[PDB]
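> Input run.cif, format and content: mmCIF, C-alpha atoms.
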data_my_file
#
loop_
_atom_site.label_atom_id
_atom_site.label_comp_id
_atom_site.auth_asym_id
_atom_site.auth_seq_id
_atom_site.Cartn_x
_atom_site.Cartn_y
_atom_site.Cartn_z
CA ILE A 1 19.47 22.54 53.32
CA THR A 2 18.82 23.77 56.84
CA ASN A 3 15.08 23.58 57.55
CA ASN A 4 13.19 20.40 58.41
CA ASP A 5 10.42 20.38 55.79
CA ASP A 6 12.90 20.21 52.91
CA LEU A 7 14.71 17.40 54.71
CA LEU A 8 11.38 15.59 55.18
CA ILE A 9 10.47 15.82 51.49
CA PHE A 10 14.01 14.77 50.52
CA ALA A 11 13.82 11.75 52.83
CA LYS A 12 10.42 10.84 51.36
CA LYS A 13 11.99 11.03 47.90
CA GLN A 14 14.95 8.94 49.10
CA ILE A 15 13.13 5.61 49.65
CA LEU A 16 10.76 3.27 47.81
CA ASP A 17 7.91 1.81 49.88
CA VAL A 18 6.26 -0.29 47.15
CA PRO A 19 7.49 -3.45 45.38
CA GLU A 20 9.37 -2.70 42.17
CA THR A 21 7.38 -4.26 39.32
CA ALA A 22 7.94 -4.42 35.56
CA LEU A 23 5.37 -5.71 33.06
CA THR A 24 6.07 -7.15 29.61
CA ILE A 25 3.41 -8.05 27.03
CA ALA A 26 3.70 -9.89 23.71
CA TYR A 27 1.09 -8.25 21.47
CA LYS A 28 -0.04 -9.64 18.11
CA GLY A 29 -3.03 -7.48 17.20
CA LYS A 30 -3.84 -5.42 14.13
CA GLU A 31 -4.08 -2.05 15.89
CA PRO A 32 -0.69 -0.28 16.01
CA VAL A 33 0.67 0.95 19.34
CA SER A 34 2.36 4.34 19.64
CA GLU A 35 4.76 5.68 22.27
CA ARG A 36 2.17 7.85 24.07
CA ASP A 37 -1.11 5.92 24.13
CA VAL A 38 -2.40 4.44 27.38
CA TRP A 39 -4.15 1.10 26.95
CA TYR A 40 -6.53 -0.91 29.11
CA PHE A 41 -5.12 -4.24 30.32
CA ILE A 42 -7.52 -7.07 31.22
CA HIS A 43 -6.02 -10.46 32.12
CA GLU A 44 -8.17 -12.52 34.48
CA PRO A 45 -5.77 -15.42 35.27
CA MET A 46 -3.08 -12.93 36.37
CA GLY A 47 -5.60 -10.68 38.13
CA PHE A 48 -5.11 -7.59 35.96
CA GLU A 49 -7.78 -5.00 35.19
CA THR A 50 -6.13 -1.59 34.94
CA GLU A 51 -4.78 1.14 32.68
CA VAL A 52 -1.23 0.61 31.43
CA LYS A 53 1.06 3.34 30.10
CA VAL A 54 3.60 2.25 27.50
CA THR A 55 7.23 2.81 28.50
CA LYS A 56 9.11 0.50 26.11
CA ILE A 57 8.40 -0.84 22.61
CA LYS A 58 10.29 -3.42 20.54
CA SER A 59 8.43 -3.42 17.23
CA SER A 60 9.13 -5.39 14.07
CA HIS A 61 8.68 -4.39 10.45
CA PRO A 62 5.03 -4.48 9.30
CA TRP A 63 5.96 -7.22 6.80
CA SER A 64 7.99 -9.24 9.33
CA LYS A 65 5.02 -11.21 10.75
CA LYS A 66 6.69 -11.15 14.16
CA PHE A 67 5.11 -10.22 17.48
CA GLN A 68 5.54 -6.91 19.29
CA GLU A 69 7.03 -6.56 22.77
CA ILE A 70 5.67 -3.76 24.96
CA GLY A 71 6.83 -2.77 28.44
CA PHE A 72 5.19 -0.95 31.34
CA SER A 73 6.36 0.31 34.74
CA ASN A 74 10.10 0.48 34.02
CA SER A 75 12.24 -2.34 32.64
CA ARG A 76 13.77 -5.61 33.78
CA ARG A 77 17.08 -5.62 35.65
CA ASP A 78 19.66 -6.67 33.01
CA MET A 79 23.43 -6.43 33.48
CA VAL A 80 24.46 -3.89 30.83
CA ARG A 81 22.35 -1.32 32.70
CA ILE A 82 24.25 -2.14 35.90
CA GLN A 83 27.56 -1.77 34.07
CA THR A 84 26.48 1.61 32.70
CA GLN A 85 25.53 2.73 36.22
CA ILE A 86 28.88 1.56 37.59
CA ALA A 87 30.75 3.31 34.77
CA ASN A 88 28.96 6.62 35.27
CA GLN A 89 29.54 6.43 39.03
CA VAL A 90 33.22 5.79 38.31
CA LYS A 91 33.35 8.83 36.03
CA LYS A 92 31.66 10.99 38.68
CA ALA A 93 34.16 9.83 41.31
CA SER A 94 37.05 10.50 38.92
CA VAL A 95 35.94 14.06 38.21
CA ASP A 96 35.31 14.58 41.94
CA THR A 97 38.84 13.53 42.89
CA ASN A 98 40.32 15.53 40.00
CA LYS A 99 38.53 18.63 41.29
CA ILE A 100 39.49 17.96 44.91
CA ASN A 101 43.17 17.56 44.02
CA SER A 102 43.16 21.13 42.70
CA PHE A 103 41.08 22.22 45.70
CA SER A 104 43.65 20.78 48.13
CA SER A 105 46.49 22.37 46.16
CA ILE A 106 44.69 25.72 46.39
CA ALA A 107 44.28 25.14 50.13
CA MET A 108 48.06 24.76 50.21
CA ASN A 109 48.36 27.82 47.95
CA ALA A 110 45.97 29.85 50.10
CA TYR A 111 48.14 29.02 53.12
CA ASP A 112 51.28 30.83 51.94
CA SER A 113 49.54 34.21 51.62
CA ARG A 114 48.29 34.02 55.20
CA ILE A 115 51.76 32.88 56.32
CA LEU A 116 53.09 36.06 54.71
CA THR A 117 50.45 38.10 56.55
CA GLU A 118 51.44 36.50 59.86
CA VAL A 119 55.13 37.20 59.19
CA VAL A 120 54.45 40.83 58.27
CA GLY A 121 52.35 41.31 61.41
CA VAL A 122 55.05 39.69 63.55
CA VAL A 123 57.65 42.07 62.11
CA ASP A 124 55.33 45.04 62.66
CA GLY A 125 54.68 44.06 66.27
CA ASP A 126 58.40 43.85 67.06
CA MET B 1 6.32 -34.38 -29.81
CA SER B 2 7.85 -32.75 -26.73
CA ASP B 3 10.97 -30.60 -26.47
CA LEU B 4 12.66 -28.28 -23.99
CA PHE B 5 14.22 -24.93 -24.92
CA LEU B 6 16.99 -23.35 -22.84
CA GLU B 7 17.91 -19.67 -23.02
CA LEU B 8 21.61 -19.37 -22.13
CA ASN B 9 23.94 -16.42 -22.82
CA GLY B 10 21.35 -14.86 -25.11
CA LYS B 11 21.05 -18.00 -27.25
CA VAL B 12 18.12 -20.41 -27.48
CA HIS B 13 19.13 -24.08 -27.60
CA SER B 14 16.75 -26.98 -28.16
CA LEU B 15 17.65 -29.90 -25.91
CA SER B 16 16.77 -32.48 -28.56
CA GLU B 17 18.50 -30.55 -31.35
CA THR B 18 21.71 -30.02 -29.37
CA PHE B 19 21.98 -33.72 -28.44
CA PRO B 20 20.53 -35.96 -31.18
CA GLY B 21 20.54 -39.06 -28.97
CA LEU B 22 18.59 -37.33 -26.19
CA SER B 23 14.81 -36.97 -26.51
CA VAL B 24 12.39 -35.42 -24.02
CA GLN B 25 9.64 -37.85 -23.03
CA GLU B 26 7.48 -35.67 -20.80
CA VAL B 27 7.45 -32.41 -18.84
CA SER B 28 5.76 -31.57 -15.55
CA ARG B 29 5.57 -28.68 -13.09
CA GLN B 30 5.16 -28.80 -9.32
CA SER B 31 2.20 -26.83 -8.02
CA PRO B 32 2.83 -23.43 -6.41
CA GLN B 33 4.08 -23.89 -2.85
CA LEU B 34 1.67 -21.68 -0.95
CA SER B 35 2.72 -20.86 2.61
CA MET B 36 0.80 -18.69 5.06
CA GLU B 37 2.92 -17.04 7.76
CA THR B 38 1.08 -18.57 10.68
CA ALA B 39 1.09 -17.03 14.15
CA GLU B 40 -0.14 -19.10 17.08
CA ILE B 41 -1.64 -17.77 20.32
CA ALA B 42 -1.60 -20.43 23.02
CA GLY B 43 -5.04 -21.42 24.27
CA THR B 44 -6.87 -20.39 21.09
CA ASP B 45 -7.92 -22.49 18.10
CA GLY B 46 -6.09 -22.52 14.81
CA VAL B 47 -3.66 -19.87 13.61
CA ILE B 48 -3.75 -16.23 12.54
CA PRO B 49 -2.56 -16.10 8.91
CA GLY B 50 -0.09 -13.40 7.95
CA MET B 51 0.65 -12.63 4.30
CA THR B 52 0.49 -15.60 1.93
CA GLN B 53 3.79 -16.25 0.16
CA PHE B 54 5.01 -18.70 -2.48
CA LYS B 55 8.09 -20.87 -2.06
CA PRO B 56 10.42 -21.95 -4.88
CA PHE B 57 9.31 -25.03 -6.79
CA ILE B 58 10.51 -27.69 -9.24
CA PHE B 59 10.05 -28.13 -13.00
CA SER B 60 10.77 -31.70 -14.09
CA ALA B 61 11.51 -33.24 -17.49
CA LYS B 62 11.67 -37.00 -18.03
CA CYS B 63 13.91 -37.87 -21.00
CA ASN B 64 16.03 -40.70 -22.37
CA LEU B 65 19.39 -40.89 -24.12
CA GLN B 66 20.02 -43.45 -26.88
CA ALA B 67 23.65 -43.59 -28.00
CA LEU B 68 25.35 -45.41 -30.85
CA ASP B 69 27.92 -47.20 -28.67
CA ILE B 70 29.46 -47.18 -25.19
CA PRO B 71 32.13 -44.49 -25.85
CA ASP B 72 29.43 -42.41 -27.51
CA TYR B 73 27.21 -42.96 -24.46
CA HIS B 74 29.91 -41.75 -22.06
CA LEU B 75 30.76 -38.76 -24.26
CA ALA B 76 27.08 -37.81 -24.54
CA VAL B 77 26.63 -38.09 -20.76
CA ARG B 78 29.63 -35.84 -20.15
CA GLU B 79 28.49 -33.30 -22.75
CA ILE B 80 24.97 -33.21 -21.30
CA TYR B 81 26.40 -32.63 -17.83
CA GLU B 82 28.57 -29.82 -19.20
CA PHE B 83 25.64 -28.22 -21.02
CA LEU B 84 23.04 -28.40 -18.25
CA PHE B 85 25.11 -27.24 -15.26
CA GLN B 86 26.24 -23.62 -15.57
CA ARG B 87 27.54 -21.05 -13.10
CA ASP B 88 24.42 -18.86 -13.18
CA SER B 89 20.69 -19.37 -13.60
CA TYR B 90 19.22 -19.50 -17.09
CA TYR B 91 15.79 -19.71 -18.72
CA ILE B 92 13.74 -22.73 -19.76
CA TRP B 93 10.42 -23.38 -21.48
CA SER B 94 8.58 -26.22 -23.19
CA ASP B 95 6.82 -26.91 -26.48
CA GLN B 96 3.54 -27.62 -24.70
CA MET B 97 3.35 -24.05 -23.34
CA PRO B 98 5.78 -21.98 -25.43
CA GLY B 99 4.54 -18.65 -24.06
CA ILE B 100 5.65 -19.13 -20.44
CA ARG B 101 9.28 -19.38 -19.32
CA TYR B 102 10.99 -20.04 -15.99
CA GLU B 103 14.26 -18.70 -14.59
CA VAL B 104 15.84 -21.82 -13.12
CA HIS B 105 18.94 -23.46 -11.63
CA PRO B 106 19.71 -27.13 -12.35
CA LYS B 107 19.65 -29.85 -9.71
CA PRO B 108 21.84 -32.95 -9.33
CA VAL B 109 20.32 -35.77 -11.38
CA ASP B 110 22.02 -39.11 -12.07
CA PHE B 111 21.76 -41.09 -15.29
CA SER B 112 20.06 -44.47 -14.85
CA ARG B 113 21.96 -46.85 -17.14
CA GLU B 114 19.46 -49.44 -18.38
CA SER B 115 21.49 -51.05 -21.19
CA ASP B 116 24.88 -50.64 -22.83
CA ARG B 117 23.66 -47.70 -24.94
CA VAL B 118 20.45 -46.32 -23.36
CA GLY B 119 20.01 -44.26 -20.21
CA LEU B 120 16.94 -42.75 -18.57
CA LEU B 121 17.10 -39.30 -16.98
CA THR B 122 14.72 -37.07 -15.04
CA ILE B 123 16.11 -33.54 -15.08
CA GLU B 124 14.86 -31.24 -12.32
CA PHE B 125 15.18 -27.46 -12.46
CA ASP B 126 14.61 -25.46 -9.29
CA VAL B 127 12.76 -22.22 -10.02
CA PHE B 128 13.56 -19.93 -7.10
CA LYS B 129 11.53 -16.82 -7.92
CA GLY B 130 8.43 -18.83 -7.02
CA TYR B 131 6.57 -17.81 -10.18
CA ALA B 132 6.64 -18.08 -13.96
CA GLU B 133 6.77 -15.14 -16.37
CA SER B 134 5.89 -14.57 -20.00
CA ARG B 135 8.60 -14.87 -22.64
CA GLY B 136 7.84 -11.35 -23.89
CA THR B 137 7.32 -8.11 -21.99
CA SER B 138 4.39 -5.71 -22.34
CA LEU B 139 6.25 -3.68 -24.99
CA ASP B 140 6.08 -6.56 -27.46
CA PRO B 141 3.10 -6.15 -29.82
CA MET B 142 0.19 -8.58 -29.54
CA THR B 143 0.57 -9.68 -33.17
CA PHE B 144 0.69 -13.10 -34.78
CA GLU B 145 4.06 -12.54 -36.48
CA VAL B 146 5.81 -11.94 -33.15
CA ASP B 147 5.33 -15.67 -32.35
CA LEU B 148 5.39 -15.08 -28.60
CA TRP B 149 1.84 -15.19 -27.23
CA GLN B 150 -0.22 -18.33 -26.62
CA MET B 151 -3.58 -19.26 -25.15
CA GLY B 152 -4.02 -19.40 -21.40
CA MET B 153 -1.97 -16.28 -20.63
CA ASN B 154 -5.04 -14.45 -19.26
CA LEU B 155 -5.25 -12.17 -22.30
CA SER B 156 -8.58 -10.36 -22.24
CA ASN B 157 -10.73 -11.36 -25.22
CA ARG B 158 -12.98 -8.31 -24.86
CA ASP B 159 -10.86 -5.19 -25.51
CA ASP B 160 -7.56 -4.06 -26.98
CA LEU B 161 -4.42 -4.06 -24.84
CA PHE B 162 -1.81 -1.37 -25.52
CA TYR B 163 0.88 -0.06 -23.17
CA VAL B 164 1.71 3.29 -24.80
CA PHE B 165 -0.57 6.22 -23.98
CA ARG B 166 -0.80 9.80 -25.24
CA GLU B 167 -3.34 11.29 -22.81
CA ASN B 168 -3.40 12.23 -19.13
CA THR B 169 -5.93 9.56 -18.08
CA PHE B 170 -6.03 5.94 -19.21
CA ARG B 171 -6.21 2.29 -18.17
CA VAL B 172 -3.42 -0.31 -18.12
CA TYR B 173 -4.14 -4.04 -18.00
CA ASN B 174 -1.81 -6.25 -15.94
CA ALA B 175 -2.63 -9.78 -17.10
CA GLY B 176 -0.44 -11.51 -14.52
CA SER B 177 -1.58 -13.44 -11.47
CA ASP B 178 0.41 -11.22 -9.08
CA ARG B 179 0.37 -7.52 -8.31
CA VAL B 180 3.47 -6.09 -9.98
CA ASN B 181 5.53 -4.50 -7.20
CA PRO B 182 9.17 -3.47 -7.77
CA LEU B 183 9.73 -3.78 -4.02
CA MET B 184 9.19 -7.53 -4.49
CA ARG B 185 12.07 -7.71 -7.01
CA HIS B 186 9.64 -7.47 -9.92
CA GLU B 187 10.59 -6.03 -13.29
CA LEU B 188 8.76 -2.81 -14.14
CA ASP B 189 9.82 0.13 -16.30
CA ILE B 190 8.03 3.40 -17.04
CA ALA B 191 9.25 5.83 -19.70
CA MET B 192 7.42 9.16 -19.80
CA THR B 193 8.20 12.28 -21.82
CA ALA B 194 6.15 15.45 -21.33
CA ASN B 195 6.37 19.16 -20.51
CA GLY B 196 5.97 20.54 -16.99
CA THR B 197 6.08 19.15 -13.47
CA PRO B 198 4.69 15.60 -13.56
CA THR B 199 2.70 13.55 -11.07
CA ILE B 200 1.55 9.99 -11.79
CA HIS B 201 -1.43 8.56 -9.89
CA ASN B 202 -2.55 4.93 -9.80
CA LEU B 203 -6.14 5.32 -8.63
CA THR B 204 -7.07 1.65 -8.23
CA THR B 205 -3.97 0.98 -6.14
CA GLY B 206 -4.01 4.50 -4.72
CA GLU B 207 -0.31 5.18 -5.28
CA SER B 208 1.37 8.35 -6.49
CA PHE B 209 4.82 9.19 -7.83
CA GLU B 210 5.77 12.87 -7.68
CA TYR B 211 8.64 14.69 -9.39
CA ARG B 212 9.31 18.23 -8.17
CA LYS B 213 11.14 19.77 -11.14
CA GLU B 214 10.18 21.15 -14.53
CA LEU B 215 10.49 18.71 -17.44
CA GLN B 216 10.82 19.30 -21.17
CA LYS B 217 9.68 17.07 -24.03
CA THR B 218 13.30 16.26 -24.93
CA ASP B 219 14.03 14.78 -21.48
CA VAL B 220 12.85 11.23 -20.76
CA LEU B 221 11.89 10.22 -17.22
CA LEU B 222 12.64 6.53 -16.66
CA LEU B 223 11.48 4.66 -13.56
CA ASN B 224 13.15 1.25 -13.45
CA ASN B 225 12.20 -0.85 -10.42
CA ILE B 226 12.87 1.54 -7.53
CA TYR B 227 15.15 4.01 -9.37
CA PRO B 228 13.84 7.20 -11.01
CA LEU B 229 16.18 8.85 -13.49
CA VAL B 230 16.19 11.59 -16.11
CA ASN B 231 18.59 11.02 -19.01
CA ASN B 232 20.05 8.13 -16.98
CA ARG B 233 20.81 10.41 -14.01
CA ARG B 234 19.58 9.61 -10.51
CA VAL B 235 17.15 12.26 -9.24
CA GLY B 236 15.71 10.42 -6.25
CA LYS B 237 16.39 13.43 -4.02
CA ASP B 238 13.92 15.54 -6.04
CA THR B 239 11.00 13.08 -5.82
CA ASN B 240 8.56 11.96 -3.15
CA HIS B 241 10.18 8.48 -3.22
CA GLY B 242 6.81 6.91 -3.98
CA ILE B 243 6.56 3.91 -6.28
CA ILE B 244 3.57 2.81 -8.32
CA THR B 245 2.35 -0.78 -8.55
CA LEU B 246 0.11 -2.61 -11.02
CA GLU B 247 -2.79 -4.50 -9.50
CA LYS B 248 -4.33 -7.54 -11.15
CA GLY B 249 -6.53 -6.62 -14.08
CA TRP B 250 -7.22 -2.99 -14.94
CA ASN B 251 -5.51 -0.01 -13.30
CA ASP B 252 -6.76 3.55 -13.80
CA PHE B 253 -3.87 5.98 -14.23
CA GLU B 254 -4.07 9.78 -14.14
CA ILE B 255 -1.17 12.13 -14.92
CA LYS B 256 -1.24 15.69 -13.59
CA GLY B 257 0.92 18.76 -14.07
CA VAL B 258 2.19 18.14 -17.62
CA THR B 259 0.94 18.32 -21.21
CA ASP B 260 1.49 16.27 -24.39
CA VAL B 261 2.20 13.23 -22.23
CA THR B 262 3.82 10.16 -23.79
CA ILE B 263 4.06 7.34 -21.25
CA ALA B 264 5.04 3.72 -21.94
CA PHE B 265 4.96 0.70 -19.62
CA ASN B 266 7.46 -2.15 -20.02
CA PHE B 267 7.00 -5.09 -17.65
CA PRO B 268 6.58 -8.88 -17.89
CA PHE B 269 3.50 -10.76 -16.76
CA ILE B 270 3.77 -12.81 -13.57
CA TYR B 271 2.12 -16.23 -13.76
CA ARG B 272 1.95 -19.20 -11.40
#
Would you write the structure of this file as structure tokens?


Amino acid sequence: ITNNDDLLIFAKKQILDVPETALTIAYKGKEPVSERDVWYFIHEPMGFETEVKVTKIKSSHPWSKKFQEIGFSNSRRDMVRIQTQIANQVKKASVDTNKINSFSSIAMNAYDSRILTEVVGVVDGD
Amino acid sequence: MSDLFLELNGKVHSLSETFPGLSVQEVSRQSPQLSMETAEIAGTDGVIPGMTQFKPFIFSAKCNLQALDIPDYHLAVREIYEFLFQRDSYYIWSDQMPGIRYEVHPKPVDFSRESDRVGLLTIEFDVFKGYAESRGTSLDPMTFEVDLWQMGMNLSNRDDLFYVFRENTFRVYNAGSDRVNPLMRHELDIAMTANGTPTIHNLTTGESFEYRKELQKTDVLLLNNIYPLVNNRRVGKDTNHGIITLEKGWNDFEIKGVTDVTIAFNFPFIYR
């Protein structure tokens, strides 16, 4: 990009100016929870009275008697996520260097044609 | 007089008859082991019950062995141990209630040698299904000569009970203490022959089994547990995969899409 407004919006997109929070709730009610519904969260001791949008569900079978785990505002850190990020960055770097090897070879290849042009012009000038 | 009957390899053996020196003194049955799947929320009172279940229980029989002499005593003990302990589970019932049988596995029980020729024993059979079932299925007629039915089996003394029907709407009486559900490893068979595309509806339960192909009178549709077949061929792909269940007491059944229906139910009663 060349203008300043696009750079400004890009820079605004490039940083996070709020604490990164992730909420997890153990729910044991009768009403089922879907992947789209937005609930109302009220929890006085933790100072919560808001609307929460579901982003992660770990449900059990209806006959399993177990609780449900529901997430909001992205997920906890975890290591396997970090390893996946590192692996995909490694793959991107590998494809980048594979492409740039061919690009450098072409730069060498593109040199010989211009060398020939210089030689032909030198002969013509003589 | 008390006695214990064991069904093993398709043969019924009386414990007293098999071993003349062994006589059953008394029988007893542990109460059903009810267990509610409790869920606790910290800060609140009590628990939130889930679905009530029944754990396996114990059927006990106090008996004694009276032998002629010491070698006879040892031989009888060894033979009793050989007879009682088998590789797989078998069936047992008692003279006191000869209409109800239990599928059981034996438990380790040691002879208590009181004298040189007499030994007390208290055999314990673990019943793992958590329930007792009738000796005969629903297909067996409710007649005196069948010698299968007894009092206390929840048989309705107000109307006839038959399990073969010729019409498209009827009632079927499940006399057991549990809702018959093949998903709970219950035994339940339906054999229906008719003409057309069938659809069975259990109105009281609200269930419906649907078959999406034409049927002729010569072809029998057999639903055993959770397998529907025609002429012993799996056709689960051509159904709605629904399964019917029998609630306690009367169930109203309606059959749609076929004529000259002949439907028979074959299931045992679940007691506790």

> Within 12 Å of chain A, which residues belong to chain B? Use only C-alpha atoms and report them as a ChimeraX atom specification.

/B:36-42,47-53,183-184

> Take the residues just selected and output them with C-alpha atoms as a compact mmCIF listing (two decimals), in the coordinates of the input.


# COMPACT_ATOMS: atom_id res chain seq x y z
CA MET B 36 0.80 -18.69 5.06
CA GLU B 37 2.92 -17.04 7.76
CA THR B 38 1.08 -18.57 10.68
CA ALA B 39 1.09 -17.03 14.15
CA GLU B 40 -0.14 -19.10 17.08
CA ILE B 41 -1.64 -17.77 20.32
CA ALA B 42 -1.60 -20.43 23.02
CA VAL B 47 -3.66 -19.87 13.61
CA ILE B 48 -3.75 -16.23 12.54
CA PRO B 49 -2.56 -16.10 8.91
CA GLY B 50 -0.09 -13.40 7.95
CA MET B 51 0.65 -12.63 4.30
CA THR B 52 0.49 -15.60 1.93
CA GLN B 53 3.79 -16.25 0.16
CA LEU B 183 9.73 -3.78 -4.02
CA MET B 184 9.19 -7.53 -4.49

> Kindly give the distance, in Å, that separates CA of residue 240 (chain B) and CA of residue 210 (chain B), rounded to a single decimal.

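Going from CA of residue 240 (chain B) over to CA of residue 210 (chain B) covers 5.4 Å.
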
> Just to confirm, what's the straight-line distance from CA of residue 82 (chain A) to CA of residue 23 (chain A) in Å (one decimal)?

19.4 Å

> Here's the selection I'm unsure about, the PyMOL selection byres ((chain B and resi 75-81) around 10); applied to the file above, which residues does it give, as a ChimeraX atom specification?

/B:15,18-22,65-67,69-74,82-86,108-111,119

> Once the PyMOL selection byres ((chain B and resi 161) around 12) has been evaluated on this model, what residues remain selected, and can you format them as JSON, numbers by chain?

{"B": [138, 139, 140, 141, 142, 143, 154, 155, 156, 157, 158, 159, 160, 162, 163, 164, 165, 170, 171, 172, 173, 174, 175, 249, 250, 265]}

> Compare A:68, A:98, A:60, A:117 by their minimum atom-to-atom distance to residue 25 (chain A), counting all atoms listed in the file, and give me the closest one.

A:68

> Would you compute the distance between CA of residue 166 (chain B) and CA of residue 200 (chain B)? Give it in Å to one decimal.

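Value for the CA of residue 166 (chain B)-CA of residue 200 (chain B) distance: 13.7 Å.
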
> Starting from the PyMOL selection byres ((chain B and resi 168) around 12), expand the selection into actual residues of this file and give them as a count of residues only.

27

> Could you name the residues that touch region 95-102 of chain B at 12 Å or less, counting all atoms listed in the file, but leaving out those on the same chain fewer than 3 positions away, as a PyMOL selection string?

chain B and resi 1-7+14-16+24-29+56-61+89-92+105-106+125-137+146-155+176+268-272

> As a PyMOL selection string, please: the residues near residue 24 (chain A) (cut-off 12 Å, all atoms listed in the file, same-chain neighbours under 2 positions excluded).

chain A and resi 21-22+26-27+41+52-58+68-76
